[PDB]
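Trainee: Before we start, here is the structure in question, set down as structure tokens.
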Amino acid sequence: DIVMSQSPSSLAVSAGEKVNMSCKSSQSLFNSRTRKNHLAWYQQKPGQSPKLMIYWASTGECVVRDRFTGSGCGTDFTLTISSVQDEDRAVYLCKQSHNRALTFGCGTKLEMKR
Amino acid sequence: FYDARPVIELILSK
Amino acid sequence: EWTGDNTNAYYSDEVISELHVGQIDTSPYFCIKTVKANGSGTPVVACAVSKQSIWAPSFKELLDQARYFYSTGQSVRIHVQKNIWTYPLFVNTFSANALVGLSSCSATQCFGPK
Amino acid sequence: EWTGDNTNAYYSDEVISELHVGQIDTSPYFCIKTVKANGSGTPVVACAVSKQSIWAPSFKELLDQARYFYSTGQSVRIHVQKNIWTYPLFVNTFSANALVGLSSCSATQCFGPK
Amino acid sequence: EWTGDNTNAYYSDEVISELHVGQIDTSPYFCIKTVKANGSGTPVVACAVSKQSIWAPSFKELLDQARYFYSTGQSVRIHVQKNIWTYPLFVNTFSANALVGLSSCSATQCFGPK
Amino acid sequence: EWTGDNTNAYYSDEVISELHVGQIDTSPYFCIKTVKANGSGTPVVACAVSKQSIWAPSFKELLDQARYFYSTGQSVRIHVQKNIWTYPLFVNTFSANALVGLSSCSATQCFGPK
Amino acid sequence: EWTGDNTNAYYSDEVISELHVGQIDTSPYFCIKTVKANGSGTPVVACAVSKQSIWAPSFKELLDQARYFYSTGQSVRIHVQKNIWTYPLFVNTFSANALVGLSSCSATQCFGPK
Amino acid sequence: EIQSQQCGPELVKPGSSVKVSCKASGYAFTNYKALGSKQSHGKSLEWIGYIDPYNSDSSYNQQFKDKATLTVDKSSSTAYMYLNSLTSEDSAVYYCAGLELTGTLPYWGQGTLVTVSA
């Protein structure tokens, strides 16, 4: 019942440029009890299973390779990936954790500029 | 913003 | 005896939907009904009487708590003990379980014995 | 005894419309009159006395619920037992049946004895 | 004794406006000040000492109910008994009446003894 | 002893702003902290020990009235009896007062022993 | 004894994020999980049993106060006396501390025994 | 290393059933809740349902309630998922995650492509 509007649907940046990735949900995700934001960012290379990148919309996982930390807002997040290299062409998704009915975003495809 | 329905039933009950 | 023994069952991520009070064997009895709060599952009925089982010293504290969770309609973990009541006209009408605890479950993880 | 035998009686889909607590014969008591939520049928009045009936022990539990369902306004399946009182003038103003139970009726089913 | 005796008086369309819980002679008490819901008449006070008069057992039940009608602000009809309390500085402070009952009031008539 | 004796002081138009509960010498208590209407004067801590003073019977009635007023946050008037509980560190923490009464104050005039 | 002894502890600016009512050794217990008001720190748990420790005479006063501080979800100070209950399953599941009071934090600082 | 292993690709007839598995090893099987996700050709994931390996207390989606069934084996340390009344629009890849206590899925399966045709 919580929709996730991921944008853009497909992106292409030049190597050595910072990258932005936006998300949006129908309602807030901050839990006044746990005092955290229950949103995450995933990475899925073509043919591979996805891989977790951020815990609570701001803290990356153990093996993260110096990524970004989403804006700790209610239902608005940005700054998923950074420092694009030759191996950072994958599919980046999002997900909620406000309840057990986990809803995933649409997606985002990174490519190269010409 | 907390639901006032349990907080109201808490002070009126008993 | 303890609420969180290995002999007690628990249904996490439930919401209380229907309440009922009465009196049986000269003892008062309340009763609650729970359904899964995140899409589907199996409804489970469980409730305690004031002077019947070994959980009788807790009827007053559990009735005040079950009416607290029925009021807000939040997700809770319920600890029960199956096959407690034996009255056929009442076992076949409500349940055979006995409420022995009421935890408060957060977004994805609950707070209580496992 | 129990609030759901054939010797008892109920009026399903009802809604607690009025409530009256007082004192008769050195004993408190409370009574409710039940009218539908659509303007139909004849109102049904029930009573319960603290120490002048067989529904004495559950007086405090029923008063907690009859005062809760009276505030939520939801449809309540209210059970009774006919011809339990004897005071001639007391019946000429409130009722002659007892108050035994208080279910929580749903739009389709009714979580209670029948 | 009864709440609807001809000896006991009754006042209709009474909205409880105040509340005061103290203690006198090693026994707590409470007094309510009911006011007409229209603006006419005079405000009548009806105390209830814990264990002093014949209306002793219903102190706890009439204190829970006097706090309900005082919060929701719904119009009720109260019944009292005059010339009960006799302490000089106590009668001159609130009243000499004793709260005996509390009947709810509908749009047309009251749910009380007449 | 009466709540409205001459040896008792009172402060009108107070607002219960802090509620601290606890226990000293195998007896629960609660020391509310009340401020004035428009933030004038000084705060007044007024404890109430369950089984240590002569105001012990009304500990339960004063707790429910001091919690109902702390939640709604409306004008009150408290009566206290100073110079009790000679315990050194206790007085340095809260006060040398004991909660004796709690009246509900209206816009212009309160309702209780002046 | 006293809540604010020199052998106690205190955690200002915490939040009662969860609540579990149950029973152990024919004695209802209740635990509370306290997360920091800014999501930092570690989950501090402190249970309370009705008839086990020397703080037993204040079980019903702490059960009704935690259940109200859990609804409003405001910031408080939880006083704990560690190393009380020695049940190993109870300790690793909940805590080794002991709830011995519940203050009310303010905009400036908490009111209660330092 | 904690890792989940799934079955290979499947190909059945419309109206038949299929039993997907998810083998996990390297930890206590009753520690993490295992969900079930479906990824269509549009890469948009959609949860099917979860099940606690301790109680087998499952909960299904409002769309896959009358189509799927979750089952957990505590002896063989593997989960299952059944899919009855298969139609042409139920062709996708099915995953098998695991809930860490932080509210995220660090371990996933490896994919199981299921296609239905005649």
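FYI, nothing fancy with the structure tokens labels: chains A, B, ... in order, residues from 1 per chain, ligands from 1 as they appear.
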Using only C-alpha atoms, find each residue in chain H having at least one atom no more than 12 Å away from chain A; report its shortest atom-to-atom pair and that distance in Å (one decimal), rows by chain then rising number, as JSON lines.
Mentor:
{"residue": "H:3", "atom": "CA", "partner": "A:49", "partner_atom": "CA", "distance": 11.5}
{"residue": "H:4", "atom": "CA", "partner": "A:49", "partner_atom": "CA", "distance": 10.9}
{"residue": "H:5", "atom": "CA", "partner": "A:49", "partner_atom": "CA", "distance": 11.3}
{"residue": "H:6", "atom": "CA", "partner": "A:49", "partner_atom": "CA", "distance": 11.6}
{"residue": "H:33", "atom": "CA", "partner": "A:100", "partner_atom": "CA", "distance": 10.6}
{"residue": "H:34", "atom": "CA", "partner": "A:100", "partner_atom": "CA", "distance": 11.6}
{"residue": "H:35", "atom": "CA", "partner": "A:102", "partner_atom": "CA", "distance": 9.6}
{"residue": "H:36", "atom": "CA", "partner": "A:102", "partner_atom": "CA", "distance": 10.6}
{"residue": "H:37", "atom": "CA", "partner": "A:102", "partner_atom": "CA", "distance": 9.7}
{"residue": "H:38", "atom": "CA", "partner": "A:104", "partner_atom": "CA", "distance": 10.9}
{"residue": "H:39", "atom": "CA", "partner": "A:104", "partner_atom": "CA", "distance": 10.4}
{"residue": "H:40", "atom": "CA", "partner": "A:106", "partner_atom": "CA", "distance": 11.3}
{"residue": "H:41", "atom": "CA", "partner": "A:106", "partner_atom": "CA", "distance": 11.9}
{"residue": "H:42", "atom": "CA", "partner": "A:106", "partner_atom": "CA", "distance": 8.5}
{"residue": "H:43", "atom": "CA", "partner": "A:107", "partner_atom": "CA", "distance": 7.2}
{"residue": "H:44", "atom": "CA", "partner": "A:106", "partner_atom": "CA", "distance": 5.3}
{"residue": "H:45", "atom": "CA", "partner": "A:104", "partner_atom": "CA", "distance": 5.9}
{"residue": "H:46", "atom": "CA", "partner": "A:103", "partner_atom": "CA", "distance": 6.9}
{"residue": "H:47", "atom": "CA", "partner": "A:102", "partner_atom": "CA", "distance": 6.7}
{"residue": "H:48", "atom": "CA", "partner": "A:101", "partner_atom": "CA", "distance": 9.2}
{"residue": "H:49", "atom": "CA", "partner": "A:101", "partner_atom": "CA", "distance": 8.2}
{"residue": "H:50", "atom": "CA", "partner": "A:100", "partner_atom": "CA", "distance": 8.4}
{"residue": "H:51", "atom": "CA", "partner": "A:100", "partner_atom": "CA", "distance": 10.9}
{"residue": "H:58", "atom": "CA", "partner": "A:100", "partner_atom": "CA", "distance": 11.3}
{"residue": "H:59", "atom": "CA", "partner": "A:100", "partner_atom": "CA", "distance": 9.3}
{"residue": "H:60", "atom": "CA", "partner": "A:101", "partner_atom": "CA", "distance": 9.4}
{"residue": "H:61", "atom": "CA", "partner": "A:101", "partner_atom": "CA", "distance": 8.1}
{"residue": "H:62", "atom": "CA", "partner": "A:101", "partner_atom": "CA", "distance": 10.3}
{"residue": "H:93", "atom": "CA", "partner": "A:49", "partner_atom": "CA", "distance": 10.8}
{"residue": "H:94", "atom": "CA", "partner": "A:49", "partner_atom": "CA", "distance": 10.7}
{"residue": "H:95", "atom": "CA", "partner": "A:49", "partner_atom": "CA", "distance": 8.4}
{"residue": "H:96", "atom": "CA", "partner": "A:49", "partner_atom": "CA", "distance": 10.1}
{"residue": "H:97", "atom": "CA", "partner": "A:50", "partner_atom": "CA", "distance": 10.0}
{"residue": "H:98", "atom": "CA", "partner": "A:52", "partner_atom": "CA", "distance": 11.8}
{"residue": "H:99", "atom": "CA", "partner": "A:100", "partner_atom": "CA", "distance": 10.2}
{"residue": "H:100", "atom": "CA", "partner": "A:55", "partner_atom": "CA", "distance": 10.3}
{"residue": "H:101", "atom": "CA", "partner": "A:55", "partner_atom": "CA", "distance": 10.9}
{"residue": "H:102", "atom": "CA", "partner": "A:55", "partner_atom": "CA", "distance": 7.3}
{"residue": "H:103", "atom": "CA", "partner": "A:97", "partner_atom": "CA", "distance": 6.2}
{"residue": "H:104", "atom": "CA", "partner": "A:55", "partner_atom": "CA", "distance": 6.8}
{"residue": "H:105", "atom": "CA", "partner": "A:52", "partner_atom": "CA", "distance": 7.0}
{"residue": "H:106", "atom": "CA", "partner": "A:52", "partner_atom": "CA", "distance": 5.8}
{"residue": "H:107", "atom": "CA", "partner": "A:51", "partner_atom": "CA", "distance": 8.0}
{"residue": "H:108", "atom": "CA", "partner": "A:49", "partner_atom": "CA", "distance": 6.6}
{"residue": "H:109", "atom": "CA", "partner": "A:49", "partner_atom": "CA", "distance": 6.9}
{"residue": "H:110", "atom": "CA", "partner": "A:49", "partner_atom": "CA", "distance": 5.9}
{"residue": "H:111", "atom": "CA", "partner": "A:49", "partner_atom": "CA", "distance": 7.1}
{"residue": "H:112", "atom": "CA", "partner": "A:49", "partner_atom": "CA", "distance": 10.8}
{"residue": "H:113", "atom": "CA", "partner": "A:47", "partner_atom": "CA", "distance": 11.3}
Trainee: May I have the residues within 10 Å of residue 89 (chain C) as a PyMOL selection string, using only C-alpha atoms and disregarding those fewer than 6 positions away in the same chain?
Mentor: chain D and resi 2+4-5+113
Trainee: Return as a ChimeraX atom specification the residues belonging to chain G that are within 9 Å of chain C, counting only C-alpha atoms.
Mentor: /G:17-29,31-33,63,67,89-90,93-94
Trainee: Taking only C-alpha atoms into account, which of D:107, D:35, D:45, D:15 comes nearest residue 82 (chain D)?
Mentor: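 Ranked by minimum distance to residue 82 (chain D), first place goes to D:45.
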Trainee: Considering only C-alpha atoms, tabulate each residue of chain A that lies at most 7 Å from chain G along with its nearest interatomic pair and the corresponding distance in Å to one decimal; arrange the rows by chain and ascending residue number and present them as CSV.
Mentor:
residue,atom,partner,partner_atom,distance
A:33,CA,G:17,CA,4.8
A:34,CA,G:39,CA,6.6
A:35,CA,G:39,CA,4.9
A:36,CA,G:39,CA,6.6
Trainee: Counting only C-alpha atoms, collect the residues of chain B whose closest atom lies at most 8 Å from chain G, and write them out as number ranges by chain.
Mentor: B: 2-3, 6-7, 10
Trainee: So how many Å separate CA of residue 114 (chain H) and CA of residue 20 (chain H), to one decimal?
Mentor: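 About the pair CA of residue 114 (chain H) and CA of residue 20 (chain H): they are 9.3 Å apart.
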Trainee: Write out as JSON, numbers by chain each polymer residue whose atoms come within 9 Å of residue 112 (chain A), counting only C-alpha atoms; drop sequence neighbours fewer than 2 positions from it.
Mentor: {"A": [11, 12, 13, 14, 15, 86, 89, 110, 114]}
